[PDB]
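Colleague: Take a look at this one; I'll ask things after.
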DNA sequence: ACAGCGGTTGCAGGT
DNA sequence: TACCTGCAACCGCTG
Ligand SMILES: Cc1cc2nc3c(=O)[nH]c(=O)nc-3n(C[C@H](O)[C@H](O)[C@H](O)COP(=O)(O)OP(=O)(O)OC[C@H]3O[C@@H](n4cnc5c(N)ncnc54)[C@H](O)[C@@H]3O)c2cc1C
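Residue numbers (the entry's author numbering): 4 to 505.
Printed below as a string of structure tokens:
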């Protein structure tokens, strides 16, 4: 008959560099036999078949929760995957566990800001001590906005200048092994079913396993650390990394692919930063921001900071940053883009890899995002934002919204006369179309001369390649060489309108 | 005040 | 190779 200390997992699904978790552990061990520890994850079982989460991401979470539990097991504890909505769940477990303290990592997102505040109100209402920590991002956005006179920086170089005069907190290790800790006595839910708070098995989280592609990126802290060290092994590659030089269409990833791990917080962005810094010092010839690997981490920090200031960051309407652009509805052309049936092989190959594997290269993301928006289809960046939210393992509210606005030249980036060619952009790095042959296998017999542009080959040729256009592979839905120039003007028109308000 | 400047990742054509 | 200019000319930041 003791009191309960709760750490609440949401993001930051790791033991390493988790001050919010460490504080629970170091309190408990420094006050032996007076406490029970409940590291919890609150799962809403109602939202398992809501469109905007693909099966691939459900697998990632399932694997992450299973790892987190295995890692907590080693510290003489375990994970508690409590089912229900937080609003219902907390009051019950507050009374039945006799909770003295609650901790969690902060989340700048709106849906969470209001939910956390609602919990934090209830916390005070029940006399439950609450101590939050900022460990998702390297820099706390609210300090960045403050230090820049109550306004989030809208450019990168300004942002770099603001943050490099702020202290970077200590990076922590793994919490203490819990000394003298019996399993917390079974609450009212556990009495009726002992396995009530166990990790959801695949069957439980993944309700639509036919959407599941190859498991190229396993979830969890362990794989996050494994993949990081793997990348940091070639300290030369790390040092001279330049984002634009990385191929969008290489068969194996040209970049680190730590974004899903950074998204869920299986990898501490602080630790990745710290690990990179010491490599920089060891490698005399090394790249500088924005193109550097550390620069990429800073871009994450940049998009986060601006997103904290605007709760309408995911929308055009009501957005302090977003240029107002008269986007047009096209349910047909949206359907084609979403499933990789545009008729542009390069665009299709990327979209198909996204749906199948849940990750695509940044420049590949950039290529398809252009095509949908100002590039060709003139469809809103909010539309592709849904597709990405559904299909990305690294789905990040702030990063997704920020880069879509960057792309469509709604915010941050403005040189709209730079338009990605769905035909040319891919050829540079993949002259043979190995990427297209893999993901759009219909056209795998096509020569490198017209595999990027099948509409250039005759009917006899089409037959000889075993792929007749209109049957085995769609006719291109629009003509890029025509539409992009009309869209360039459409941009300028909207750009003028906007100054006429400012 | 308005103009010069740099700005993660355009394309084509060229050396 | 990894640069070069042309195509039009965008924004925010700085002084
Ligand atoms: C329209 C569009 C939507 C995007 N949506 C997301 C999203 O939902 N979630 C997401 O994590 N990334 C998103 N990206 C940004 C970027 O493409 C990815 O962060 C990157 O491709 C992830 O691969 P990586 O881990 O190998 O990155 P690396 O090149 O290896 O860089 C390492 C880390 O730096 C960070 N980073 C790199 N580029 C960016 C950037 N553009 N903006 C912010 N952080 C960056 C990532 O956290 C990444 O893990 C989007 C890009 C575009 C063009």
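By construction, the Cβ of each residue, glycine as well, lies at the ideal position given by its N, Cα and C atoms.
#1: For the beta strand (DSSP E) that residue 6 lies in, which residues bound it at each end?
#2: Taking only three categories from DSSP, how would you classify residue 184?
#3: What does the alpha-carbon distance come out to for the pair residue 187 and residue 68?
#4: Count the other CB atoms, across all protein chains shown, that sit within 10 Å of the CB of residue 152; report buried if there are 16 or more and exposed otherwise.
#5: Residue 487 by DSSP, collapsed to three states: which one?
#6: Am I right that residue 23 and residue 106 are in contact with their C-beta atoms under 8 Å? What's the rounded C-beta distance?
#7: Can you tell me whether residue 41 is helix, strand or coil according to DSSP?
#8: Cβ atoms of residue 190 and residue 100: under 8 Å apart, would you say?
#9: Can you give the Cα-Cα distance for residue 477 and residue 433, rounded to whole angstroms?
#10: What do you reckon, are the CB atoms on residue 518 and residue 290 nearer than 8 Å?
#11: Mark residue 147 as exposed unless 16 or more other C-beta atoms lie within 10 angstroms of its C-beta, in which case mark it buried.
#12: Please go through the same chain and pick out, in chain order, the residues whose beta-carbon is closer than 6 Å to the beta-carbon of residue 486, but skip the five residues on each side of it.
#13: Where do the N-terminal and C-terminal ends of the beta strand (DSSP E) with residue 104 fall, by residue?
#14: DSSP three-state call for residue 46: helix, strand or coil?
#15: Whose C-beta lies closer than 6 Å to the C-beta of residue 544 among residues of the same chain, with five residues either side of it excluded?
#16: Would you call the CB atoms of residue 346 and residue 396 closer than 8 Å?
#17: Contact between the region 248–264 and the region 427–441 is defined here as three or more beta-carbon pairs at a separation below 8 Å; is this criterion met?
#18: Residue 351 to residue 340, Cα distance in whole Å?
#19: Quickly, what does DSSP pair residue 136 with across the bridge? List them, please.
#20: Report all residues from its chain with a CB closer than 7 Å to the CB of residue 122; omit the five preceding and five following residues, and keep chain order.
#21: Take residue 335 as the anchor and find which of 150, 481, 87 has the nearest alpha-carbon.
#22: Tell me the DSSP secondary structure of residue 1 in three-state form.
#23: Counting only runs of 4+ residues fully inside the region 252–333, write out the alpha helix (DSSP H) ranges in chain order.
#24: By the three-class DSSP mapping on this structure, what secondary structure does residue 472 have?
#25: In three-state terms, what does DSSP make of residue 52?
#26: My output table needs one value for residue 143: the three-state DSSP class, helix, strand or coil.
#27: As a quick exercise: from 172, 48, 304, pick the residue whose alpha carbon is nearest that of residue 160.
#28: Given residue 110, which residues of its chain have a CB within under 8 Å of its CB, disregarding the five upstream and five downstream residues?
#29: Go to residue 63, then tell me how far its alpha helix (DSSP H) extends in each direction, as first and last residue.
#30: Whole angstroms are fine: how far does the CA of residue 228 sit from the CA of residue 169?
#31: Could you check the C-alpha separation between residue 133 and residue 103 for me, to the nearest Å?
#32: On a Cα-Cα basis, can you pick out the residue from 342, 427, 413, 399 that is closest to residue 370?
#33: Alpha carbons only, please: which of 415, 363, 11, 66 is nearest the one belonging to residue 204?
#34: Entirely within the region 211–247 and at least 4 residues each: give me those alpha helix (DSSP H) ranges in chain order.
#35: Hey, would you say the C-beta of residue 294 is under 7 Å away from at least one heavy atom of ligand 1?
#36: With a CB to CB cut of under 7 Å and the five nearest residues on each side skipped, what residues in its chain are close to residue 266?
Modeller: Inspection of the coordinates gives the following:
#1: Within the first chain, residue 6 is the residue found at index 3, counting from 1. Its beta strand (DSSP E) spans residues 6–12.
#2: Along the first chain, read from residue 1 onward, the residue named residue 184 stands at position 181. In this structure, residue 184 counts as coil in the three-state DSSP scheme.
#3: Counting from one through the first chain, the residue named residue 187 turns up at place 184. Counting from one through the first chain, the residue named residue 68 turns up at place 65. The alpha-carbon atoms of residue 187 and residue 68 are separated by roughly 20 Å.
#4: Residue numbering aside, residue 152 sits at position 149 when the first chain is read from its first letter. Exposed: under 16 other Cβ atoms inside 10 Å.
#5: Counting from one through the first chain, the residue named residue 487 turns up at place 484. Helix at residue 487.
#6: Within the first chain, the letter at position 20 stands for residue 23. Within the first chain, the letter at position 103 stands for residue 106. At roughly 4 Å, the Cβ-Cβ gap stays under 8 Å, so residue 23 and residue 106 are in contact.
#7: In the first chain, the residue the question calls residue 41 occupies position 38. In this structure, residue 41 counts as strand in the three-state DSSP scheme.
#8: The sequence position of residue 100 within the first chain is 97, counting from 1. The sequence position of residue 190 within the first chain is 187, counting from 1. Yes; because the gap between Cβ atoms is below 8 Å, this pair is in contact.
#9: Working through the first chain from its first residue, we reach residue 477 at position 474. Working through the first chain from its first residue, we reach residue 433 at position 430. Distance between the alpha carbons of residue 477 and residue 433 is about 22 Å.
#10: Because the chain in this structure spans residues 4 to 505, residue 518 falls outside the shown range and cannot be described.
#11: For the purposes of this step, residue 147 is taken as the residue at position 144 of the first chain. Classification for residue 147: buried.
#12: For the purposes of this step, residue 486 is taken as residue 483 along the first chain, with counting starting at 1. Closer than 6 Å at the Cβ level, and outside the excluded window around residue 486, lie 379.
#13: Locating residue 104 in the first chain gives position 101, where the first residue counts as 1. Residue 104 -> beta strand (DSSP E) spans 102–108.
#14: Within the first chain, numbered from 1, the residue matching residue 46 stands at position 43. Three-state DSSP puts residue 46 in a strand.
#15: One cannot answer for residue 544 here, as it falls past the ends of the chain, which runs 4 to 505.
#16: Position 343 of the first chain holds residue 346. Position 393 of the first chain holds residue 396. No.
#17: yes
#18: Mapped onto the first chain, residue 351 falls at position 348. Mapped onto the first chain, residue 340 falls at position 337. Taking the straight line joining both Cα atoms gives about 7 Å.
#19: Here residue 136 refers to the residue found at position 133 when the first chain is read from its first residue. Answer is 108.
#20: The residue labelled residue 122 in the question sits at position 119 within the first chain. So the list reads 89, 93, once near-sequence residues are dropped.
#21: Position 332 of the first chain holds residue 335. Considering only alpha carbons, the answer is 481.
#22: Outside the displayed span of the chain (4 to 505) sits residue 1, for which this structure offers no information.
#23: 262–267, 272–285, 296–312
#24: Position 469 of the first chain, counting from 1, holds the residue named residue 472. Strand at residue 472.
#25: Locating residue 52 in the first chain gives position 49, where the first residue counts as 1. Of the three classes helix, strand and coil, the one that applies to residue 52 here is coil, per DSSP.
#26: Residue mapping note: residue 143 aligns to position 140 of the first chain, counting from 1. Note: residue 143 maps to coil in three-state DSSP.
#27: Taking the first chain and counting its residues from 1, the one referred to as residue 160 is at position 157. If we check each option's Cα against that of residue 160, 304 comes out closest.
#28: As a position in the first chain, residue 110 is number 107, starting the count at 1. Answer for residue 110: 13, 14, 116, 119, 139, listed in chain order.
#29: Taking the first chain and counting its residues from 1, one reaches residue 63 at position 60. Its alpha helix (DSSP H) spans residues 58–77.
#30: On the first chain, residue 169 is found 166 positions in, with the first residue counted as 1. On the first chain, residue 228 is found 225 positions in, with the first residue counted as 1. Looking at the two C-alpha atoms, the distance is approximately 27 Å.
#31: Start at 1 with the first residue of the first chain, and residue 133 comes out as number 130. Start at 1 with the first residue of the first chain, and residue 103 comes out as number 100. Computed Cα separation, rounded: 9 Å.
#32: Here residue 370 is taken as the residue at index 367 of the first chain, counted from 1. Of the candidates 342, 427, 413, 399, the one whose C-alpha sits nearest the C-alpha of residue 370 is 427.
#33: What you label residue 204 is simply residue 201 of the first chain in a count that begins at 1. When only C-alpha atoms are compared, the closest one is 66.
#34: 224–235, 238–243
#35: By 1-based counting over the first chain, the position of residue 294 is 291. False, no ligand heavy atom lies under 7 Å from that Cβ.
#36: Translated into the one-based positions of the first chain, residue 266 becomes position 263. Cβ neighbours of residue 266 beyond the five flanking positions: 397, 398, 399.
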